[PDB]
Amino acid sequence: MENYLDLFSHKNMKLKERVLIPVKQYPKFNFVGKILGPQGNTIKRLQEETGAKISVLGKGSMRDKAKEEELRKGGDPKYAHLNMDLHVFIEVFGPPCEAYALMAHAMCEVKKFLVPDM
């Protein structure tokens, strides 16, 4: 079962999703480039439009194979994600109505990038 939502709680609810970037289904498609965009402007606009925090994470997320190597090796925990499957991490917060709405908007926008031929 689950906890109950209390509409009168003073706390926001948080929703988080880690959506796998489907590199098996599209082995040569450059998702990282397409999602970040030049200078990361696509993903910036995406976050503004959707009202969600959205991040590309996992092996490949930095597009600089060497910088990733070095950052992983340095053992710093902020870069732990570099070992994970490449994926998009969506995070929203709000009262339930708003939180679901944001997550729905973000998830639908991200699906357009991750299923590029539909």
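The first residue of the sequence shown is number 1, and the count goes up from there.
Of the two stretches examined, 38 to 46 and 89 to 97, the record assigns the greater average C-alpha temperature factor to 38 to 46. Note on 98 to 106 vs 8 to 16: mean CA B-factor is higher in 8 to 16.
Among the modelled residues of the chain, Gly58 sits in the lowest third by CA temperature factor in this PDB entry. When the CA B factors of the chain's modelled residues are split into thirds, the value for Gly74 lands in the middle one.
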